[PDB]
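Next up: just one chain, as C-alpha cells, the form deposited in one PDB entry.
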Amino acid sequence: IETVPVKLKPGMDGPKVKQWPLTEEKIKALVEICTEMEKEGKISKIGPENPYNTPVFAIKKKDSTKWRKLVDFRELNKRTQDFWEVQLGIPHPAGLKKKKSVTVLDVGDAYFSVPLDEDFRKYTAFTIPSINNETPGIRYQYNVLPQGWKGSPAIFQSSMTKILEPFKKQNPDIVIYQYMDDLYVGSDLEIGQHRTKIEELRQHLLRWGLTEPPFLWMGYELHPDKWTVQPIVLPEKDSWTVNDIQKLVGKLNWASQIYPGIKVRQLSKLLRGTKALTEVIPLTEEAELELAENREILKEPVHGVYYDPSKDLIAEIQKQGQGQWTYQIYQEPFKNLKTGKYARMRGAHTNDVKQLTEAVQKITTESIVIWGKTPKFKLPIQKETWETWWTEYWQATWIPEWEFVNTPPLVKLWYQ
C-alpha cells in the first residue's frame, strides 16, 4: 500500500527500445488484455511527454488457450538498480536442484496488488503498435509492479515470505525459490501428493487474493534429480579403421584441453604411413593401454571447476541432427559446469527454430534451478532468422540474452 522508492543506475536514462512488428492476432490479444488492465487500474494511458519504450508481445504458455502479455524488460532490468537494501541477496537454495519433483508456478499476477513508485512509472512505458501504422500506437505505463521486471519480485518479497509462512512451517522439507514471475516448489514426496502439495499453496495466495489470477492454475513439473549429464565417452570397437583412429586422436586432443594427462602418441604411432582411410588397423598393446588410461581419466571430474556468482553463465548449443541438440554451460572455457543433450524437441519435427527455441527455454530453466540466474546463449543460427521467429514459440515469462555463432565449430564432433 506504500510504494518503495526505486531509481535507475547512476548516469542512465530510461529504456528507449523500438517496438518490433506484431501480427494481427497478437495486437488484438494485447488490446483486449490492456483494456481490462486499464479498467482494473494496473496501467494508464500516457501522453507524448513520455519518450521511453519497452517492447511488448503476446504468448501462449504450454497447453494454455488464452494469450498472456509479455514485456521484454531486458533493457529496463539492465538499467534498474540492484536491490540490496533489505536483503544482501537471497542465498540461492542449493537443495532445490536435488529434489525429485519441482513445480513452477506463475505467481506473476500477485505483483499487480502492489503499487509502483510514481516517479519510476514513466520508465515502464510500452506501445501496442498498429498494423501498417494506420493509427497511432496505444501507449501505456504501469501503475503497479509489472510482470517481467526484476524489481517486482524484489519488492514483493516482503509480502511473499509472509503469505507462505503458514505453508513453510507446516512443510519444512519443501524448498521454495522465487525467480521473476516464477515460484519453484521442490519436494521429495510421492507424485500424487506433489500436486496435493501445489494446490494447497495455490489456494493460499488466492485466499490472500480475495482479501482471479489468470494463469495460477497451471503447474510446470520437473524432476531435477533425474537430470542427466554428458561425460566424455570414447568408442569401444573390435576393428578400428584409420578414420576411426584419426577421429579418436582428434577427440582426445580436444579433451586434453580439459583433462591433465591425456596422451595420444601410442595411438598416433599406429597412424604411421600413408594409409587408406577405411583400412583396419590392429591396436598395439601400448595403444590399448594408452586408450585405457585416457578412458579412466575421462571418468573423473574436471579439475578446478567452481561456480562464481559474480560472473556470467554462458550456454553453447550445437545442432546434432535428427532432432538432437547438445549444450554446455560454463563460465570459463573448458570448465563446464553442466553438459546435456536433448532429443526431446516437442511438436517441431519439421522446424529447426522451434526446436532451438524450446532448447533455450529448457537450458534457462535448468540454469535457474541450479544457480538462480540465466545464461547468455551462443546460438547456432543467423541473427535474422532467430529474431524473425523466436517469439512465435516462446512460452516462458522471462527472456535471456543471446549472441549468434556464424562459423561452424569443430566441437560438434566431440559431443556427437
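Start at 1 with the first residue shown and count on from there. Throughout, rigid core stands for the largest set of C-alpha atoms superposing within 1.5 Å between the two forms.
No coordinates for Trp217 in a third or more of the other PDB entries:
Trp217: unmodelled in a third or more of the comparison entries.
How many residues that are in the deposited sequence but not in the model lie between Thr274 and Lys275: none, 1 to 3, 4 to 9, or 10 or more?
Per the record, no deposited residues are absent between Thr274 and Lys275.
Averaging CA B factors per stretch from the PDB record, which one is higher: 222-230 or 143-151?
Stretch with the greater average CA B-factor: 222-230.
Which wins on mean Cα temperature factor, 244-252 or 339-347?
Result: 339-347.
Check the PDB entry and point out which of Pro129, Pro235, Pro214, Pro309 has the largest C-alpha temperature factor.
Among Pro129, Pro235, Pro214, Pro309, the highest C-alpha B-factor in the entry belongs to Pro214.
Compare the CA B factors listed in the entry for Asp173, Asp181, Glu288, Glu332 and report the winner.
Within the set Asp173, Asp181, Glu288, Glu332, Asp173 shows the top C-alpha B-factor.
Lowest, middle or highest third: where is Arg74 by C-alpha B factor in its chain?
Lowest third, going by the recorded CA B-factors of the chain.
Which third of the chain does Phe83 land in by C-alpha B-factor: lowest, middle or highest?
For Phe83, the deposited C-alpha B-factor lands in the highest third.
Within-chain third of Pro21 by Cα B-factor, per the entry
For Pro21, whose C-alpha B-factor we compare with every modelled residue in the chain, the answer is the lowest third.
Mind checking which third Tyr327 falls in for C-alpha B-factor across the chain?
Ranked within chain, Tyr327 CA B lands in the lowest tercile.
Using only modelled residues of the chain, where does the Cα B factor of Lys66 rank: lowest third, middle third or highest third?
It falls in the top third of the chain.
Keep in mind that the form deposited in another entry is missing from the display, and what follows is about it.
Would you indicate which listed residue, out of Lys122, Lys78, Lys98, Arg295, moves its Cα by 2 Å or more between the shown form and the other one relative to the superposed core?
The displaced C-alpha is that of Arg295.
Taking the rigid core as reference, does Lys237 move its C-alpha 2 Å or further between the shown form and the other one?
Result for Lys237: yes, a 2 Å-plus shift.
With a threshold of 2 Å on the C-alpha, tell me if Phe167 counts as moved between the shown form and the other one once the core is superposed.
Comparing forms between the shown form and the other one, the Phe167 CA shifts below 2 Å.
Spell out whether the Cα of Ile262 moves at least 2 Å between the shown form and the other one when the two forms are superposed on their rigid core.
After core superposition, the C-alpha of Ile262 moves 2 Å or more between the shown form and the other one.
Tell me whether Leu88 and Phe120 end up closer or farther apart in that other deposited form, going by their C-alpha atoms; the shift is 3 Å or more.
It is closer: in that other deposited form, the C-alpha atoms of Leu88 and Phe120 lie at least 3 Å nearer than they do here.
Taking the shown form as the reference, report whether the CA atoms of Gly151 and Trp84 lie closer or farther apart in that other deposited form; the distance changes by 3 angstroms or more.
It is closer: in that other deposited form, the C-alpha atoms of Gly151 and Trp84 lie at least 3 Å nearer than they do here.
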